[PDB]
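Trainee: Handing over query03.csv, CSV, C-alpha atoms and all ligand atoms.
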```csv
chain,number,residue,atom,x,y,z
A,32,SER,CA,-21.7,3.6,-43.8
A,33,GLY,CA,-21.7,1.7,-47.2
A,34,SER,CA,-24.1,-1.1,-48.2
A,35,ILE,CA,-23.2,-4.7,-47.6
A,36,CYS,CA,-24.2,-7.7,-49.8
A,37,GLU,CA,-24.3,-11.0,-47.9
A,38,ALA,CA,-22.4,-14.0,-49.1
A,39,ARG,CA,-24.4,-16.1,-51.6
A,40,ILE,CA,-24.4,-19.2,-53.7
A,41,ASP,CA,-25.3,-19.3,-57.4
A,42,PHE,CA,-26.9,-22.7,-57.2
A,43,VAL,CA,-26.5,-26.1,-55.5
A,44,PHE,CA,-25.3,-29.1,-57.4
A,45,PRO,CA,-27.9,-31.7,-56.2
A,46,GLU,CA,-27.0,-35.1,-54.8
A,47,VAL,CA,-26.6,-37.6,-57.6
A,48,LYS,CA,-27.6,-41.3,-57.2
A,49,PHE,CA,-25.5,-43.5,-59.4
A,50,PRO,CA,-27.5,-46.4,-60.8
A,51,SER,CA,-27.4,-49.8,-58.9
A,52,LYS,CA,-26.0,-52.8,-60.7
A,53,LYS,CA,-29.7,-53.9,-61.5
A,54,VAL,CA,-29.6,-51.5,-64.5
A,55,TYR,CA,-26.6,-53.3,-65.9
A,56,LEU,CA,-28.4,-56.6,-65.1
A,57,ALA,CA,-31.8,-55.8,-66.5
A,58,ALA,CA,-30.6,-53.9,-69.6
A,59,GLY,CA,-27.4,-55.8,-70.5
A,60,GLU,CA,-24.1,-54.5,-71.8
A,61,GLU,CA,-25.2,-54.5,-75.5
A,62,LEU,CA,-28.4,-52.5,-75.0
A,63,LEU,CA,-26.4,-50.0,-72.9
A,64,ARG,CA,-23.8,-49.6,-75.7
A,65,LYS,CA,-26.6,-49.2,-78.2
A,66,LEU,CA,-28.2,-46.6,-76.0
A,67,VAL,CA,-25.0,-44.5,-76.0
A,68,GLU,CA,-24.7,-44.9,-79.8
A,69,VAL,CA,-28.2,-43.5,-80.6
A,70,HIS,CA,-27.7,-40.8,-77.9
A,71,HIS,CA,-24.8,-39.6,-80.0
A,72,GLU,CA,-26.8,-39.8,-83.2
A,73,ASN,CA,-29.4,-37.6,-81.6
A,74,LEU,CA,-26.7,-35.2,-80.5
A,75,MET,CA,-25.5,-34.9,-84.2
A,76,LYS,CA,-29.1,-34.0,-85.0
A,77,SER,CA,-29.4,-31.5,-82.2
A,78,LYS,CA,-28.6,-27.8,-81.9
A,79,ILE,CA,-25.4,-28.7,-80.1
A,80,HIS,CA,-24.0,-31.0,-82.8
A,81,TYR,CA,-21.2,-28.5,-83.3
A,82,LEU,CA,-19.6,-29.3,-80.0
A,83,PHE,CA,-19.0,-32.9,-81.2
A,84,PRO,CA,-16.5,-34.5,-83.7
A,85,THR,CA,-17.3,-35.0,-87.3
A,86,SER,CA,-14.5,-37.4,-88.2
A,87,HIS,CA,-16.0,-40.9,-87.9
A,88,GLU,CA,-12.9,-42.1,-86.0
A,89,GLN,CA,-13.0,-39.4,-83.3
A,90,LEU,CA,-16.7,-40.0,-82.9
A,91,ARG,CA,-16.3,-43.8,-82.6
A,92,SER,CA,-13.6,-43.1,-80.1
A,93,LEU,CA,-16.0,-40.9,-78.1
A,94,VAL,CA,-18.9,-43.2,-78.2
A,95,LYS,CA,-16.8,-46.1,-77.0
A,96,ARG,CA,-15.5,-44.1,-74.0
A,97,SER,CA,-19.0,-42.8,-73.1
A,98,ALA,CA,-20.4,-46.3,-73.5
A,99,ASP,CA,-17.6,-47.7,-71.3
A,100,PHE,CA,-18.4,-45.1,-68.7
A,101,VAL,CA,-22.1,-45.7,-68.8
A,102,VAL,CA,-21.7,-49.6,-68.7
A,103,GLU,CA,-19.3,-49.3,-65.7
A,104,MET,CA,-21.4,-46.7,-63.8
A,105,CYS,CA,-24.5,-48.9,-64.3
A,106,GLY,CA,-22.8,-51.7,-62.4
A,107,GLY,CA,-20.9,-53.4,-65.3
A,108,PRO,CA,-17.2,-54.3,-65.7
A,109,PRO,CA,-14.7,-51.4,-65.1
A,110,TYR,CA,-14.2,-50.6,-68.8
A,111,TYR,CA,-13.7,-46.9,-68.2
A,112,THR,CA,-11.6,-46.6,-65.1
A,113,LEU,CA,-9.2,-49.3,-66.4
A,114,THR,CA,-8.7,-47.4,-69.7
A,115,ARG,CA,-9.1,-43.7,-69.1
A,116,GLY,CA,-8.7,-43.7,-65.3
A,117,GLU,CA,-10.4,-41.4,-62.8
A,118,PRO,CA,-13.8,-40.1,-64.0
A,119,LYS,CA,-13.5,-36.4,-62.9
A,120,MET,CA,-16.2,-35.6,-65.4
A,121,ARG,CA,-16.7,-31.9,-64.5
A,122,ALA,CA,-13.0,-31.2,-65.0
A,123,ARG,CA,-12.8,-33.2,-68.3
A,124,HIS,CA,-15.7,-31.1,-69.5
A,125,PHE,CA,-14.1,-27.7,-68.9
A,126,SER,CA,-12.7,-27.7,-72.5
A,127,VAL,CA,-16.2,-27.6,-73.9
A,128,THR,CA,-18.5,-24.7,-73.2
A,129,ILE,CA,-21.6,-26.1,-71.5
A,130,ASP,CA,-24.4,-23.7,-70.6
A,131,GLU,CA,-27.8,-24.5,-69.2
A,132,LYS,CA,-29.4,-24.9,-72.7
A,133,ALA,CA,-26.6,-27.3,-73.7
A,134,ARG,CA,-27.5,-29.5,-70.7
A,135,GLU,CA,-31.2,-29.4,-71.6
A,136,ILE,CA,-30.5,-30.5,-75.2
A,137,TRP,CA,-28.2,-33.2,-74.1
A,138,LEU,CA,-30.9,-34.5,-71.8
A,139,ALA,CA,-33.5,-34.3,-74.5
A,140,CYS,CA,-31.2,-36.4,-76.7
A,141,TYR,CA,-30.9,-39.1,-74.0
A,142,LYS,CA,-34.7,-39.1,-73.4
A,143,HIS,CA,-35.3,-39.9,-77.1
A,144,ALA,CA,-32.5,-42.4,-77.2
A,145,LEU,CA,-34.0,-44.3,-74.2
A,146,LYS,CA,-37.3,-44.6,-75.9
A,147,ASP,CA,-35.9,-45.5,-79.3
A,148,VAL,CA,-33.8,-48.4,-78.0
A,149,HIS,CA,-36.8,-49.5,-75.8
A,150,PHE,CA,-34.8,-49.3,-72.5
A,151,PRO,CA,-36.7,-51.5,-70.0
A,152,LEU,CA,-39.2,-49.4,-68.2
A,153,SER,CA,-38.4,-50.9,-64.8
A,154,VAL,CA,-34.9,-49.5,-64.7
A,155,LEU,CA,-35.7,-46.3,-66.7
A,156,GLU,CA,-36.3,-44.0,-63.8
A,157,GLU,CA,-33.1,-45.1,-62.0
A,158,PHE,CA,-31.1,-44.4,-65.2
A,159,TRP,CA,-32.8,-41.0,-65.8
A,160,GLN,CA,-32.4,-39.7,-62.3
A,161,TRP,CA,-28.7,-40.3,-62.5
A,162,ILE,CA,-28.0,-38.4,-65.7
A,163,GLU,CA,-30.6,-35.7,-64.9
A,164,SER,CA,-28.8,-34.8,-61.7
A,165,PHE,CA,-25.2,-35.6,-62.7
A,166,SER,CA,-25.4,-33.5,-65.9
A,167,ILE,CA,-25.9,-30.3,-63.8
A,168,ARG,CA,-22.3,-30.7,-62.7
A,169,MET,CA,-21.0,-30.4,-66.2
A,170,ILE,CA,-22.4,-26.8,-66.6
A,171,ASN,CA,-19.5,-24.4,-66.8
A,172,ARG,CA,-21.1,-21.4,-68.5
A,173,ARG,CA,-23.9,-19.5,-66.7
A,174,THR,CA,-26.3,-17.3,-68.6
A,175,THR,CA,-29.0,-16.8,-66.1
A,176,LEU,CA,-29.6,-16.1,-62.4
A,177,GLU,CA,-32.2,-18.9,-62.3
A,178,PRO,CA,-31.0,-22.3,-61.2
A,179,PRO,CA,-30.6,-25.1,-63.8
A,180,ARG,CA,-34.0,-26.7,-64.6
A,181,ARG,CA,-34.8,-29.9,-62.7
A,182,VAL,CA,-36.5,-32.5,-64.9
A,183,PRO,CA,-38.0,-35.3,-62.7
A,184,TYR,CA,-38.9,-38.6,-64.2
A,185,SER,CA,-42.6,-38.1,-63.3
A,186,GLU,CA,-42.6,-35.1,-65.7
A,187,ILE,CA,-41.5,-37.2,-68.7
A,188,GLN,CA,-42.8,-40.8,-68.0
A,189,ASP,CA,-45.8,-40.3,-70.4
A,190,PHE,CA,-43.3,-39.9,-73.2
A,191,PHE,CA,-42.2,-43.5,-72.7
A,192,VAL,CA,-45.7,-44.8,-73.0
B,33,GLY,CA,-25.9,-47.6,-55.8
B,34,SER,CA,-23.4,-44.9,-55.0
B,35,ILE,CA,-24.6,-41.4,-54.0
B,36,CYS,CA,-22.5,-38.2,-54.4
B,37,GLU,CA,-23.9,-35.6,-52.0
B,38,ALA,CA,-25.0,-32.1,-52.9
B,39,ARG,CA,-22.2,-29.5,-53.3
B,40,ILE,CA,-21.5,-26.0,-54.3
B,41,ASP,CA,-18.8,-24.8,-56.6
B,42,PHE,CA,-17.8,-21.8,-54.6
B,43,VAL,CA,-19.4,-19.0,-52.4
B,44,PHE,CA,-19.8,-15.5,-53.7
B,45,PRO,CA,-18.2,-13.8,-50.8
B,46,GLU,CA,-19.7,-10.8,-48.9
B,47,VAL,CA,-19.1,-7.6,-50.8
B,48,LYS,CA,-18.8,-4.2,-49.0
B,49,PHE,CA,-19.8,-1.3,-51.2
B,50,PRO,CA,-17.8,1.9,-50.6
B,51,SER,CA,-19.0,4.5,-48.2
B,52,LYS,CA,-19.6,8.1,-49.4
B,53,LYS,CA,-16.1,8.8,-48.0
B,54,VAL,CA,-14.6,7.5,-51.3
B,55,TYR,CA,-16.5,10.1,-53.4
B,56,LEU,CA,-15.8,12.9,-50.9
B,57,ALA,CA,-12.1,12.0,-50.9
B,58,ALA,CA,-11.7,11.4,-54.6
B,59,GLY,CA,-14.2,13.7,-56.2
B,60,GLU,CA,-16.1,12.9,-59.4
B,61,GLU,CA,-13.3,14.1,-61.8
B,62,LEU,CA,-10.7,11.7,-60.4
B,63,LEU,CA,-13.2,8.8,-60.3
B,64,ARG,CA,-13.9,9.4,-64.0
B,65,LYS,CA,-10.2,9.6,-64.7
B,66,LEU,CA,-9.7,6.3,-62.8
B,67,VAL,CA,-12.3,4.6,-64.9
B,68,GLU,CA,-10.7,6.1,-68.1
B,69,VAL,CA,-7.2,4.7,-67.4
B,70,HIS,CA,-8.6,1.4,-66.2
B,71,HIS,CA,-10.0,1.1,-69.7
B,72,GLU,CA,-6.7,2.2,-71.3
B,73,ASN,CA,-5.1,-0.6,-69.4
B,74,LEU,CA,-7.8,-3.1,-70.4
B,75,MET,CA,-7.2,-2.2,-74.1
B,76,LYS,CA,-3.5,-3.2,-73.7
B,77,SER,CA,-4.3,-6.3,-71.6
B,78,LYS,CA,-4.9,-9.9,-72.8
B,79,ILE,CA,-8.7,-9.5,-72.4
B,80,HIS,CA,-8.7,-6.5,-74.8
B,81,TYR,CA,-10.6,-8.8,-77.3
B,82,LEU,CA,-13.7,-8.6,-75.1
B,83,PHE,CA,-14.1,-4.8,-75.6
B,84,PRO,CA,-15.0,-2.6,-78.5
B,85,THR,CA,-12.3,-0.8,-80.5
B,86,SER,CA,-13.7,2.5,-81.7
B,87,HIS,CA,-13.3,5.8,-79.8
B,88,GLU,CA,-17.1,6.2,-80.1
B,89,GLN,CA,-18.0,2.9,-78.5
B,90,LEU,CA,-15.2,3.0,-75.8
B,91,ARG,CA,-16.3,6.6,-74.8
B,92,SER,CA,-19.8,5.2,-74.3
B,93,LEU,CA,-18.5,2.2,-72.2
B,94,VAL,CA,-16.3,4.4,-70.2
B,95,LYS,CA,-19.0,7.0,-69.5
B,96,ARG,CA,-21.5,4.3,-68.4
B,97,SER,CA,-18.9,2.5,-66.3
B,98,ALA,CA,-17.8,5.7,-64.7
B,99,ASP,CA,-21.4,6.7,-64.0
B,100,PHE,CA,-21.7,3.5,-62.1
B,101,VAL,CA,-18.5,4.0,-60.1
B,102,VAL,CA,-19.3,7.6,-59.2
B,103,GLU,CA,-22.8,6.6,-57.9
B,104,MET,CA,-21.5,3.5,-56.1
B,105,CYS,CA,-18.9,5.5,-54.3
B,106,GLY,CA,-21.5,7.9,-53.0
B,107,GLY,CA,-21.8,10.5,-55.8
B,108,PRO,CA,-24.8,11.5,-57.8
B,109,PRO,CA,-27.1,8.7,-59.2
B,110,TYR,CA,-25.8,9.0,-62.7
B,111,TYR,CA,-26.2,5.3,-63.4
B,112,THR,CA,-29.6,4.4,-62.0
B,113,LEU,CA,-31.1,7.5,-63.7
B,114,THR,CA,-29.7,6.3,-67.1
B,115,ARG,CA,-29.1,2.6,-67.2
B,116,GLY,CA,-31.3,1.7,-64.3
B,117,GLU,CA,-30.9,-1.2,-61.8
B,118,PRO,CA,-27.3,-2.5,-61.6
B,119,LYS,CA,-28.0,-6.3,-61.8
B,120,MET,CA,-24.4,-6.4,-62.7
B,121,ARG,CA,-23.8,-10.2,-62.8
B,122,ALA,CA,-26.8,-10.4,-65.1
B,123,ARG,CA,-25.6,-7.6,-67.4
B,124,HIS,CA,-22.2,-9.5,-67.7
B,125,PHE,CA,-23.7,-12.8,-68.8
B,126,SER,CA,-23.3,-11.3,-72.4
B,127,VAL,CA,-19.5,-11.3,-71.9
B,128,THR,CA,-17.7,-14.6,-71.4
B,129,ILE,CA,-15.7,-14.1,-68.2
B,130,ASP,CA,-13.5,-16.8,-66.7
B,131,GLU,CA,-11.3,-16.7,-63.6
B,132,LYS,CA,-8.3,-15.4,-65.4
B,133,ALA,CA,-10.3,-12.6,-67.0
B,134,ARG,CA,-11.3,-11.4,-63.5
B,135,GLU,CA,-7.7,-11.4,-62.4
B,136,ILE,CA,-6.6,-9.5,-65.5
B,137,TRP,CA,-9.5,-7.0,-65.0
B,138,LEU,CA,-8.4,-6.6,-61.4
B,139,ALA,CA,-4.7,-6.1,-62.4
B,140,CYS,CA,-5.8,-3.3,-64.7
B,141,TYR,CA,-7.7,-1.6,-61.9
B,142,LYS,CA,-4.7,-2.0,-59.5
B,143,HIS,CA,-2.4,-0.2,-61.9
B,144,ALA,CA,-5.0,2.5,-62.7
B,145,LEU,CA,-5.6,3.1,-59.0
B,146,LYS,CA,-1.8,3.7,-58.6
B,147,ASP,CA,-1.3,5.8,-61.7
B,148,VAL,CA,-4.1,8.3,-61.1
B,149,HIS,CA,-2.8,8.7,-57.5
B,150,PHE,CA,-6.1,7.7,-55.9
B,151,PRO,CA,-6.2,9.1,-52.3
B,152,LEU,CA,-4.5,6.7,-50.0
B,153,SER,CA,-7.1,6.9,-47.2
B,154,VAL,CA,-9.9,5.3,-49.3
B,155,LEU,CA,-7.8,3.1,-51.6
B,156,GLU,CA,-8.5,-0.1,-49.6
B,157,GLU,CA,-12.2,0.7,-49.4
B,158,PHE,CA,-12.4,0.9,-53.2
B,159,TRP,CA,-10.1,-2.1,-53.7
B,160,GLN,CA,-12.0,-4.5,-51.3
B,161,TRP,CA,-15.2,-3.5,-53.1
B,162,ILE,CA,-14.1,-4.5,-56.7
B,163,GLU,CA,-12.0,-7.4,-55.5
B,164,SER,CA,-15.1,-9.2,-54.0
B,165,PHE,CA,-17.8,-7.8,-56.3
B,166,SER,CA,-15.9,-9.0,-59.4
B,167,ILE,CA,-16.1,-12.6,-58.3
B,168,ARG,CA,-19.8,-12.4,-59.0
B,169,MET,CA,-19.1,-11.5,-62.7
B,170,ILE,CA,-17.4,-14.8,-63.4
B,171,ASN,CA,-19.7,-16.9,-65.6
B,172,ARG,CA,-17.3,-19.4,-67.1
B,173,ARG,CA,-15.6,-21.9,-64.9
B,174,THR,CA,-12.3,-23.6,-66.1
B,175,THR,CA,-11.1,-25.1,-62.8
B,176,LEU,CA,-12.4,-26.8,-59.7
B,177,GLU,CA,-10.3,-24.3,-57.6
B,178,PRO,CA,-12.1,-21.3,-56.1
B,179,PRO,CA,-11.4,-17.8,-57.6
B,180,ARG,CA,-8.3,-16.2,-56.1
B,181,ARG,CA,-8.7,-13.7,-53.3
B,182,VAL,CA,-6.5,-10.7,-53.5
B,183,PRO,CA,-6.8,-8.8,-50.2
B,184,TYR,CA,-5.5,-5.3,-49.9
B,185,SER,CA,-2.7,-6.3,-47.5
B,186,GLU,CA,-1.2,-8.5,-50.2
B,187,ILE,CA,-0.8,-5.5,-52.5
B,188,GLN,CA,-0.6,-2.5,-50.3
B,189,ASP,CA,3.1,-2.1,-50.9
B,190,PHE,CA,2.5,-1.8,-54.6
B,191,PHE,CA,0.9,1.6,-54.1
B,192,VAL,CA,3.8,3.1,-52.0
A,201,LIG,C1,-24.5,-31.7,-69.8
A,201,LIG,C2,-24.2,-31.6,-71.1
A,201,LIG,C3,-23.1,-32.4,-71.7
A,201,LIG,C4,-22.5,-32.0,-72.9
A,201,LIG,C5,-22.9,-30.8,-73.7
A,201,LIG,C6,-21.4,-32.9,-73.1
A,201,LIG,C7,-20.5,-33.0,-74.2
A,201,LIG,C8,-19.4,-33.7,-74.3
A,201,LIG,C9,-18.3,-33.4,-75.3
A,201,LIG,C10,-18.3,-32.3,-76.4
A,201,LIG,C11,-17.3,-34.3,-75.1
A,201,LIG,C12,-16.0,-34.3,-76.0
A,201,LIG,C13,-14.8,-35.0,-75.3
A,201,LIG,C14,-13.8,-34.0,-74.8
A,201,LIG,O1,-14.2,-33.0,-74.1
A,201,LIG,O2,-12.6,-34.1,-75.2
A,201,LIG,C15,-17.7,-35.2,-74.0
A,201,LIG,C16,-17.0,-36.2,-73.4
A,201,LIG,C17,-17.5,-37.1,-72.5
A,201,LIG,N1,-18.7,-37.1,-71.8
A,201,LIG,FE1,-20.0,-35.5,-72.0
A,201,LIG,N2,-21.4,-33.9,-72.1
A,201,LIG,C18,-22.4,-33.5,-71.2
A,201,LIG,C19,-22.7,-34.2,-70.1
A,201,LIG,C20,-22.2,-35.5,-69.7
A,201,LIG,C21,-22.6,-36.3,-68.6
A,201,LIG,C22,-23.8,-36.1,-67.6
A,201,LIG,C23,-21.9,-37.5,-68.7
A,201,LIG,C24,-22.1,-38.6,-67.7
A,201,LIG,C25,-22.1,-39.9,-68.1
A,201,LIG,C26,-20.9,-37.4,-69.8
A,201,LIG,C27,-20.0,-38.3,-70.1
A,201,LIG,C28,-18.9,-38.1,-70.9
A,201,LIG,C29,-17.8,-39.0,-71.1
A,201,LIG,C30,-17.5,-40.4,-70.4
A,201,LIG,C31,-16.9,-38.4,-72.1
A,201,LIG,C32,-15.5,-39.0,-72.6
A,201,LIG,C33,-14.5,-38.7,-71.5
A,201,LIG,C34,-13.2,-39.4,-71.9
A,201,LIG,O3,-12.7,-39.2,-73.1
A,201,LIG,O4,-12.5,-40.0,-71.0
A,201,LIG,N3,-21.1,-36.1,-70.4
A,201,LIG,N4,-19.0,-34.7,-73.6
A,202,LIG,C1,-14.5,-9.5,-63.6
A,202,LIG,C2,-14.2,-9.2,-64.9
A,202,LIG,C3,-15.0,-8.2,-65.8
A,202,LIG,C4,-14.9,-8.2,-67.1
A,202,LIG,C5,-14.0,-9.1,-68.0
A,202,LIG,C6,-15.8,-7.1,-67.6
A,202,LIG,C7,-16.0,-6.7,-68.9
A,202,LIG,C8,-17.0,-5.9,-69.4
A,202,LIG,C9,-17.4,-5.7,-70.7
A,202,LIG,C10,-16.8,-6.4,-72.0
A,202,LIG,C11,-18.4,-4.8,-70.7
A,202,LIG,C12,-19.2,-4.3,-72.0
A,202,LIG,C13,-18.4,-3.4,-72.9
A,202,LIG,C14,-19.3,-2.6,-73.8
A,202,LIG,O1,-20.5,-2.5,-73.6
A,202,LIG,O2,-18.8,-1.9,-74.7
A,202,LIG,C15,-18.7,-4.4,-69.4
A,202,LIG,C16,-19.6,-3.5,-68.9
A,202,LIG,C17,-19.8,-2.9,-67.7
A,202,LIG,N1,-19.1,-3.3,-66.6
A,202,LIG,FE1,-17.7,-4.9,-66.5
A,202,LIG,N2,-16.3,-6.5,-66.5
A,202,LIG,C18,-15.9,-7.2,-65.3
A,202,LIG,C19,-16.2,-6.9,-64.0
A,202,LIG,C20,-16.9,-5.7,-63.6
A,202,LIG,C21,-17.1,-5.3,-62.3
A,202,LIG,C22,-16.5,-5.9,-61.0
A,202,LIG,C23,-17.8,-4.1,-62.3
A,202,LIG,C24,-18.2,-3.4,-61.0
A,202,LIG,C25,-18.1,-2.0,-61.0
A,202,LIG,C26,-18.1,-3.8,-63.7
A,202,LIG,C27,-18.9,-2.8,-64.1
A,202,LIG,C28,-19.4,-2.6,-65.4
A,202,LIG,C29,-20.4,-1.6,-65.8
A,202,LIG,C30,-21.1,-0.6,-64.9
A,202,LIG,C31,-20.6,-1.9,-67.3
A,202,LIG,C32,-21.7,-1.1,-68.1
A,202,LIG,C33,-23.0,-1.8,-68.1
A,202,LIG,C34,-24.1,-1.0,-68.8
A,202,LIG,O3,-24.0,-0.9,-70.1
A,202,LIG,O4,-25.0,-0.4,-68.1
A,202,LIG,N3,-17.6,-4.9,-64.5
A,202,LIG,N4,-17.8,-5.1,-68.6
```
So, in terms of structure tokens, how does the structure I just supplied come out?
Mentor:
Amino acid sequence: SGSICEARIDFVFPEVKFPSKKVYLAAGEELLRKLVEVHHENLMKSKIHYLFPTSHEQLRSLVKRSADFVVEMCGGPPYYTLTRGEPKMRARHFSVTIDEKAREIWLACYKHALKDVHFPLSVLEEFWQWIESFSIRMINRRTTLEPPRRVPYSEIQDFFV
Amino acid sequence: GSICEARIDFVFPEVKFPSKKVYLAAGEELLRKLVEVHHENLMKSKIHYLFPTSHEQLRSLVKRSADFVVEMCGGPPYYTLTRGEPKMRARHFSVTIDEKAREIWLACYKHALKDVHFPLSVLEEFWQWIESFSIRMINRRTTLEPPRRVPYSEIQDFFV
């Protein structure tokens, strides 16, 4: 008698490949920490700078934890899970409004950081594909029916050369 | 390296739109009264801040919202003739709506339904419609848990 709308999904959170330990091995802990540092400097120069701390202590605390996480996830020593514990990154991000644009700007900041620290080309794709896909899971505010944009490494490789 | 497999957050469940029985049972006047007191409830609720405050702007909201409800229950096409295609999730992107907001919005409708003495025969039909359709308006997630289902059977005693 009355119309029926089928069950639906908004969008799929794609599978994410975490980087192998080769990334830690080829890049080294110090480059990885420097990567995260200039990623944050780009963020404070981006349209989403307001989501981030201004007090140099809070910021240093953030960078350190992000760097610990990145180093560990790239195959390094368990700096993060031994200090902060379980990752549960989607849940930890609920307290910050993250829409599709926010993810795209965050990615852009990482892209530039990767080039500016001269991240070794041979492990660049493995790192990129991780953050590109993983970042989709942090999105907690939707503003469009369209799915979050996929940005494959092939689309951006020329930028690194 | 480790791979986390693809996943969904939650499913937008099936939604059953009301049959014309709801409009024939209630009549347009009651449906407009229902929407009016749903909005009086909203203005006293903890999501009041999401809504305009002047009589002029609320009258407008209420009129549009009621036009939609009347048409969707099987009455005249007041909404499509004026506002056009529903696209309701899309229209709500402009309001920040988390899980609690949907629950509060539903609670306001639950009380309105009772206070306007909505005809008991079509009460569940109307309820199951908004209970499910409202999940599709949520655009701000604050928990990994799925949005609460509130089936008519869990609240049917509230009405009598
Ligand atoms: C998608 C867009 C993203 C935005 C806009 C964003 C922004 C933020 C903000 C504002 C914080 C502040 C800390 C807090 O919430 O208390 C934070 C924390 C953090 N973010 Fe993100 N983030 C994004 C994605 C990611 C991704 C993909 C990762 C994966 C490596 C990540 C890793 C972290 C870590 C490790 C912390 C610190 C957690 C802790 O203190 O234990 N973020 N992020
Ligand atoms: C789930 C929680 C919901 C919240 C918090 C919410 C809140 C709002 C707000 C703030 C507005 C705009 C107010 C204004 O323009 O002055 C609006 C408009 C409207 N809402 Fe909702 N809403 C919700 C769910 C729903 C549902 C389930 C329906 C289904 C009938 C609905 C139907 C409408 C209609 C028809 C409009 C008018 C759109 C237009 O201007 O054409 N809403 N809502």
Trainee: List all protein, DNA and RNA residues that have any atom at most 7 Å from ligand LIG 202 (chain A), counting all atoms listed in the file, and write the list as a PyMOL selection string.
Mentor: chain B and resi 79+82-84+89-90+93+96-97+100-101+115+120+123-124+127+129+133-134+137+162+165-167+169-170
Trainee: For ligand LIG 201 (chain A), list the contacting residues at 9 Å or closer, counting only C-alpha atoms and all ligand atoms, as a PyMOL selection string.
Mentor: chain A and resi 74+79-84+90+92-101+104+111-112+114-121+123-138+161-170
Trainee: Generate the output file for the selected residues, C-alpha atoms, as a compact mmCIF listing (two decimals), keeping the file's coordinate frame.
Mentor:
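Here's the written file selection.txt:
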```
# COMPACT_ATOMS: atom_id res chain seq x y z
CA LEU A 74 -26.70 -35.20 -80.50
CA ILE A 79 -25.40 -28.70 -80.10
CA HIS A 80 -24.00 -31.00 -82.80
CA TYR A 81 -21.20 -28.50 -83.30
CA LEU A 82 -19.60 -29.30 -80.00
CA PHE A 83 -19.00 -32.90 -81.20
CA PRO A 84 -16.50 -34.50 -83.70
CA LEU A 90 -16.70 -40.00 -82.90
CA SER A 92 -13.60 -43.10 -80.10
CA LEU A 93 -16.00 -40.90 -78.10
CA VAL A 94 -18.90 -43.20 -78.20
CA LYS A 95 -16.80 -46.10 -77.00
CA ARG A 96 -15.50 -44.10 -74.00
CA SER A 97 -19.00 -42.80 -73.10
CA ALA A 98 -20.40 -46.30 -73.50
CA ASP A 99 -17.60 -47.70 -71.30
CA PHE A 100 -18.40 -45.10 -68.70
CA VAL A 101 -22.10 -45.70 -68.80
CA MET A 104 -21.40 -46.70 -63.80
CA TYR A 111 -13.70 -46.90 -68.20
CA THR A 112 -11.60 -46.60 -65.10
CA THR A 114 -8.70 -47.40 -69.70
CA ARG A 115 -9.10 -43.70 -69.10
CA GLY A 116 -8.70 -43.70 -65.30
CA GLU A 117 -10.40 -41.40 -62.80
CA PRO A 118 -13.80 -40.10 -64.00
CA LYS A 119 -13.50 -36.40 -62.90
CA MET A 120 -16.20 -35.60 -65.40
CA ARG A 121 -16.70 -31.90 -64.50
CA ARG A 123 -12.80 -33.20 -68.30
CA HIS A 124 -15.70 -31.10 -69.50
CA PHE A 125 -14.10 -27.70 -68.90
CA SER A 126 -12.70 -27.70 -72.50
CA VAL A 127 -16.20 -27.60 -73.90
CA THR A 128 -18.50 -24.70 -73.20
CA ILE A 129 -21.60 -26.10 -71.50
CA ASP A 130 -24.40 -23.70 -70.60
CA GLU A 131 -27.80 -24.50 -69.20
CA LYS A 132 -29.40 -24.90 -72.70
CA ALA A 133 -26.60 -27.30 -73.70
CA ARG A 134 -27.50 -29.50 -70.70
CA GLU A 135 -31.20 -29.40 -71.60
CA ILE A 136 -30.50 -30.50 -75.20
CA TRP A 137 -28.20 -33.20 -74.10
CA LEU A 138 -30.90 -34.50 -71.80
CA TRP A 161 -28.70 -40.30 -62.50
CA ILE A 162 -28.00 -38.40 -65.70
CA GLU A 163 -30.60 -35.70 -64.90
CA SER A 164 -28.80 -34.80 -61.70
CA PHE A 165 -25.20 -35.60 -62.70
CA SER A 166 -25.40 -33.50 -65.90
CA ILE A 167 -25.90 -30.30 -63.80
CA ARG A 168 -22.30 -30.70 -62.70
CA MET A 169 -21.00 -30.40 -66.20
CA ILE A 170 -22.40 -26.80 -66.60
```
Trainee: Give me the residues near segment 40-56 of chain A as a ChimeraX atom specification, where near means some atom within 8 Å (using only C-alpha atoms) and where sequence neighbours in that chain fewer than 6 positions away do not count.
Mentor: /A:63,102,104-107,154,157-158,160-161,164-165,167-168,176,178-179 /B:33-44
Trainee: Could you check which of A:39, A:91, A:181, A:78 is closest to residue 64 of chain A, using only C-alpha atoms?
Mentor: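 Looking only at the distances to residue 64 of chain A, the closest residue turns out to be A:91.
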Trainee: Which neighbours of residue 54 of chain B fall inside 6 Å, counting only C-alpha atoms, when residues of the same chain fewer than 3 positions from it are skipped, and could you give them as a PyMOL selection string?
Mentor: chain B and resi 57-58+105+154
Trainee: When you count all atoms listed in the file, which of these residues is closest to residue 113 of chain B: B:163, B:99, B:156, B:55?
Mentor: B:99
Trainee: So how far away is atom CA of residue 153 of chain B from atom CA of residue 182 of chain B, in Å?
Mentor: 18.7 Å
Trainee: Grab the atom CA of residue 85 of chain B to atom CA of residue 168 of chain B distance for me, in Å with one decimal place.
Mentor: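 Distance between the two atoms: 25.6 Å.
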Trainee: Could you give me, as a PyMOL selection string, the residues that sit within 6 Å of (-16.2, -18.5, -62.7) in the file's coordinates, counting only C-alpha atoms?
Mentor: chain B and resi 130-131+170-173
Trainee: Considering all atoms listed in the file, state which residue in the set B:155, B:122, B:66, B:140 is at the smallest distance from chain A.
Mentor: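 So, comparing all the options, the nearest one is B:122.
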